[PDB]
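Below, each chain spelled out in residue letters.
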Amino acid sequence: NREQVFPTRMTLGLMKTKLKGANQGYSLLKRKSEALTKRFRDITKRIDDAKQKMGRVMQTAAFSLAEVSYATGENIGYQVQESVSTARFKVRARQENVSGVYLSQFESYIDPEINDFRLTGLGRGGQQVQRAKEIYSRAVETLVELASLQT
Amino acid sequence: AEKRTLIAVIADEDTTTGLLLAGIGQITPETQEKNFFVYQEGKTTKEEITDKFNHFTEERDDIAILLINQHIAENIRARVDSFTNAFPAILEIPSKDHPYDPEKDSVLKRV
Amino acid sequence: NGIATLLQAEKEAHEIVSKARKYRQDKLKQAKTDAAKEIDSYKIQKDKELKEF
Amino acid sequence: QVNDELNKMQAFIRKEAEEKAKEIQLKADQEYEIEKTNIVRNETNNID
Amino acid sequence: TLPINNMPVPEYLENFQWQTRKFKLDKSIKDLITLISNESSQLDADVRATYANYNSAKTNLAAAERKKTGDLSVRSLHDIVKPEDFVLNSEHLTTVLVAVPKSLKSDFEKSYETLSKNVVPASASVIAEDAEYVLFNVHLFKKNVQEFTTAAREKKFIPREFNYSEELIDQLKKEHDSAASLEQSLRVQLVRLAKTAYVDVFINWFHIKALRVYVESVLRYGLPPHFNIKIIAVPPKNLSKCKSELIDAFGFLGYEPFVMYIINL
């Protein structure tokens, strides 16, 4: 309940200054928690909105991919797996300073060395496969944004 | 980290194919493995899915965001809840005939 | 049915396996004690030399 | 017979655990030789 | 959500005053057309995705209802496989709990008692006996459980994760409740999206119709158009007569030479 500090006038002054510092730190950290919890509520609202957006985008992208597969006459899964030598979509971490914390937020990046697509050599539904690739690129961008939000 | 620039998907076959067409991951020349670890929910095994998820979320993996379909992540929900680390992030992508449910979101459950 | 007999034989043999490991582990503990007894003789011999000094 | 097949499975299950019983005893037997030098040598150093 | 009967779409048709949100006033005609088409197409795609998600949620709810209906092929695994017949508390033993119709269930039981290693056919016992719910329980080896399940699947039998005195029933009830809640939420989201879309897509469609009318007018009568763009709401019983009268009146401008459009919405 009490420290073992030897009672002296200097010790009393030091401990009174420590009490003042602790009270100031308590007020400061309470206000920081209030600001960060307001930001936390905002982030939760954006998480819910982005979850609804992801629910829509996955459905529409899957519909586009299914239409492309139907047009091509076969699933493009084998071609996509064969074309997995290099990565065309990458996420670069950015330590964006939000409030008083260095929260890490992802930023999507792309490279031209992996521009090959599964539509190469398919022989049918090239436009549909390209449209599905673009739709899933937009979907991956949305998921990178949501992943930054979630981190 | 700098090496974190990679996206991992453990979703169903259709979702894995779509994300591979998007170009999420690459096959490691040295490890002879790719981030597009396609695995059907009905095929393989729950233990295999858990092992793949552990490998992707640990062992100094380069994956920045782990993509797991809600259907497949439901079977490994214990491991998903255990993965309380800030990174890599995990998402519950909807699957065909398997829409994403807010109750099944492990990360959103922390609210 | 016959499933109980199949499980009982495995369970009975498993209990013997633990007993065999425990007995062997106990013998390992006894072996260390016996080895320390030989080392104690060297300490006893050293103590006699110290007494002689 | 069904009972005969179950009895045969009982012997195989018991035999499988019997093999582990020998392995457990053999592995601990090797540790006994290791323990004959480990700790005892340290005890002599403490005695020294 | 505002009811469809109270939707002001005809009231907007009575005015058709273009807004700034649907298209910028200073934007180019081609640019405005592109923007409006893109926005309306995105709205339509979102509505279609919401409808698909609602359909998937309804399918999941129907599957949960079928599982709760008591059909052993989808019912609780506790009653599907007898606890005594199913192998439990044994590290080297496991159960199959295959569910199949009478002939298929008999074939699966025979395969489990024959093909599976350490089958122990004396432990085989059927806990259900309906025509399509004649599921039986067996106690095979722990390592042979996968082989027995594969054989049952080849024998048109669906295994189940049977467990004696476990929380399987509570887990199934919780899963059904969660599926119902998710289906209700998805239905609410789809209803709200459709209610907003029936107005937004309609407004975008009317903007496209107005832009096309202006383009046709400037193409026909030259620049400036100076055309008396008017909207006529003929009664349903005299639509053909009104169209004939309009065609007759449009002959002075010499499809009819005058810009004419037919809308049934």
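Keep in mind that residues are numbered from 1 along each chain as the sequence reads, not by the entry's scheme, and that residues without coordinates are left out. Ligands are numbered from 1 and chains lettered from A, in the order in which they are written. Remark: the chains included constitute part of a larger assembly, and values are reported for the included chains only. Values reported for side chains reflect all heavy atoms of the structure, with hydrogen atoms and water molecules removed beforehand. Residues with missing side-chain atoms are left out of burial classes, side-chain pairs and their counts.

- What the deposited record gives as its method is cryo-EM, and the resolution it gives is 3.5 Å.

Re the overall build of chain B
Inference 1: Counting its regular elements, chain B contains 4 helices and 5 strands.
Inference 2: Note on conventions: DSSP H or I runs of at least 4 residues are helices, E runs of at least 2 residues are strands, and numbering of each starts at the N terminus. Mapped in sequence order, the helices and strands of chain B form the string β-α-β-β-α-β-α-α-β.
Inference 3: Working rule for contacts: check all heavy atoms of both residues, and any pair within 4.5 Å makes them a contact. A separation of at least 24 residues holds for 72% of the contacts in chain B among residues at least 6 apart in sequence.

A few points about the overall build of chain E
Inference 1: Broken down by element type, chain E carries 7 helices and 4 strands.
Inference 2: Going from the N terminus to the C terminus, chain E shows its helices and strands as α-α-α-β-α-β-β-β-α-α-α.
Inference 3: The atom set for the radius of gyration is the C-alpha atoms, and the globule formula is 2.2 Å times the number of residues raised to the power 0.38. Whereas a compact globule of 265 residues would reach a radius of gyration of roughly 18 Å, chain E reaches 33 Å, over 25% beyond that.
Inference 4: Along the longest, intermediate and shortest principal axes, the C-alpha atoms of chain E span 95 × 35 × 30 Å.

Things to note about the interface of chain B and chain A
The accessible area lost on association of the parts is a frequent measure of interface size.
Inference 1: Each side of the interface is counted separately: chain B has 26 residues, and chain A has 22 residues.
Inference 2: Taken together, the elements giving at least two residues each to the side of chain B that touches chain A come down to α1 (13–22), β4 (65–69) and β5 (89–93) of chain B.
Inference 3: Sort the elements by how many residues they give to the side of chain B that touches chain A and α1 of chain B lands first, with 6 residues.
Inference 4: Here the term charged refers only to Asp, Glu, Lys and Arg, the term nonpolar to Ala, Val, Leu, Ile, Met, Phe, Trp, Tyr, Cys and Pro, and the term polar to all other amino acids, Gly among them. Of the residues in the side of chain B that touches chain A, the class split is 18 nonpolar, 6 polar and 2 charged.

Section: the sheet that holds β4 of chain B
Pairing between the strands of a sheet comes from backbone hydrogen bonds, and it takes one of two forms, parallel or antiparallel.
Residues and elements named next belong to chain B.
Inference 1: A sheet is described by the order of its strands in space; here 3 strands give the open sequence β1-β4-β5, paired in parallel fashion. Every interior strand has two partners, whereas the edge strands, β1 (7–9) and β5, have only one. Geometrically, the sheet is characterised by an average inter-axis angle of 20° between neighbouring strands, direction not taken into account.
Inference 2: Strand pairing is assigned whenever DSSP detects at least two bridges linking the two strands. The sheet contact formed by β1 and β4 spans 3 bridges and is parallel. Where helices are involved, their axes are fitted lines through C-alpha atoms of the stretch in contact, as for all axes, and angles between N-to-C directions lie from 0 to 180°.

Here's the deal with the pairing of β4 of chain B
Remember that side chains alternate between the two faces of the sheet whenever the strand is regular.
Inference 1: Sheet topology places β4 of chain B next to β5 of chain B; 5 bridges connect them, and they run parallel. Looking across to β5 of chain B, one finds that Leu 66 of chain B is bridged to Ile 90 of chain B.

Some points on unusual backbone geometry
Inference 1: Cis rather than trans, the peptide bond between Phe 87 of chain B and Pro 88 of chain B has omega equal to 0°.
Inference 2: Structurally, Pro 88 of chain B is set in the loop between α4 (77–82) and β5.
Inference 3: Looking along the chain, the bond that leaves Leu 223 of chain E and enters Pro 224 of chain E is cis, with omega of 0°.
Inference 4: Here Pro 224 of chain E is to be found in the loop between α6 (168–221) and α7 (239–249).
Inference 5: Positive phi values are uncommon outside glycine, yet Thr 44 of chain B reaches one of about 55°.
Inference 6: The residue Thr 44 of chain B is located in the loop between β3 (33–34) and α2 (46–57) in this model.
Inference 7: One non-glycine residue with positive phi stands out, namely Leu 97 of chain E, at about 55°.
Inference 8: Tracing the backbone shows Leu 97 of chain E in the loop between β1 (93–95) and α4 (102–114).

Topic: the environment of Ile 72 of chain B
Residue and element names in this part refer to chain B.
Inference 1: If you trace the backbone, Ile 72 turns up in helix α3 (residues 70–75).
Inference 2: C-alpha of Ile 72 to C-alpha of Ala 11: the two residues are 61 residues apart in sequence and 6.6 Å apart in space.
Inference 3: Once residues lying within four places of it in the same chain are set aside, the contact partners of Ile 72 are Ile 10, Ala 11 and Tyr 39.

Brief notes about the arrangement of the chains
Inference 1: The pair of protein chains exhibiting the most contacts, out of 6 pairs of chains in contact, is chains A and B.
Inference 2: Chain A shows no contact with chain C. Their nearest C-alpha atoms sit 46 Å apart.
Inference 3: No interface is formed between chain B and chain D, the nearest pair of C-alpha atoms being 25 Å apart.

Focus on the packing of helix α1 (residues 2–52) of chain C against helix α1 (residues 2–37) of chain D
Inference 1: α1 of chain D packs onto α1 of chain C with a crossing angle of 10° between their chain directions and a minimal axis gap of 8 Å. On the basis of their axis angle, the class for α1 of chain C and α1 of chain D is roughly parallel.
Inference 2: The class makeup of the residues in the contact of α1 of chain C with α1 of chain D is 15 nonpolar, 6 polar and 8 charged. The cut-offs work like this: below 35 degrees is roughly parallel, past 145 is roughly antiparallel, 65 to 115 is roughly perpendicular, and the gaps in between are oblique.

What about the packing of helix α2 (residues 29–68) of chain E against α6 of chain E?
Residues and elements named next belong to chain E.
Inference 1: In contact at an axis separation of 8 Å, α2 and α6 are set at 160° when each is read in the N-to-C sense. Our classification of the angle between α2 and α6 gives roughly antiparallel. Both α2 and α6 take part in a crossing whose hand is left-handed. Along its contact with α2, which presents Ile 33, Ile 36, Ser 37, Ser 40, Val 47, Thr 50, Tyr 54, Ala 57, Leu 61 and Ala 64, the element α6 presents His 176, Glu 183, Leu 186, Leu 190, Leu 193, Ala 197, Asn 204 and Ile 208.
Inference 2: Grouping the amino acids of the contact of α2 with α6 by side-chain chemistry returns 12 nonpolar, 5 polar and 1 charged. Left-handed describes a crossing whose near helix is turned anticlockwise from the far helix through less than a right angle; right-handed describes the clockwise counterpart.

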